[PDB]
Amino acid sequence: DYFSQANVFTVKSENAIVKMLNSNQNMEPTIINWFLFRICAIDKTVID
Amino acid sequence: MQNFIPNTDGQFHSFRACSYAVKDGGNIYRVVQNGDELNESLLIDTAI
């Protein structure tokens with residue numbers, strides 16, 4: 434309660450780390466699929 | 723004026739295309755190959 438009261442982190446959508454590394458296709462294709470399967474969605478109620 | 727980086731040097735034997743780059747305090751930007759997007763890999767086709 435005390436922490437989330439200060440809203441230190443709000444969440445935006447479309448994680449950049451997956452926006453990029455998606456549309457350039459000039460690297461080893463496991464970095465894909467692996468970073469691609471690790472990035473789960475996030476809603477601050479887990480951050481806080 | 724446009725063409726200055728030579729494309730080849732004859733024999734496909736000891737060529738090793740240009741390897742200049744800029745260093746910017748750790749960060750490095752090559753000039754001949756960079757997997758960053760906006761550099762569309764060309765789809766050439768023998769059928770010509």
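As you go down the protein sequences, you meet chains B and C in turn.
All you need for PDB author numbering is the position in the first sequence, starting with 1, plus 433.
All you need for PDB author numbering is the position in the second sequence, starting with 1, plus 722.
A virtual CB, placed ideally from N, CA and C, is assigned to each residue, including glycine.
Which residue marks the beginning of the beta strand (DSSP E) containing residue i, and which one marks its end?
i      : result
C/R752 : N749 to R752
Opposite residue i in the DSSP bridges: which residues?
i      : result
C/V744 : C/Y751
Would a check of beta-carbon distances place residue i closer than 7 angstroms to chain C?
i      : result
B/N448 : no
B/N440 : no
B/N459 : yes
Identify the continuous alpha helix (DSSP H) that holds residue i and give its terminal residues.
i      : result
B/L469 : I464 to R471
B/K445 : No alpha helix (DSSP H) holds B/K445; DSSP gives it neither H nor E.
Taking residue i and residue j to be in contact with their CB atoms under 8 angstroms, please state how far apart those CB atoms are, rounded to whole angstroms.
i                      : j      : result
residue 786 of chain C : C/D746 : Only positions 723 to 770 of chain C appear in this structure, which leaves residue 786 of chain C out of reach.
B/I472                 : B/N448 : 6 angstroms
B/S437                 : B/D481 : 4 angstroms
B/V451                 : B/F470 : Rounded, the Cβ-Cβ distance is 11 angstroms, inconsistent with contact.
Would a check of beta-carbon distances place residue i closer than 7 angstroms to chain B?
i      : result
C/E759 : yes
Which chain D residues sit within Cβ distance under 8 angstroms of residue i?
i      : result
C/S763 : Chain labels in this structure do not include chain D; the protein chains are B and C.
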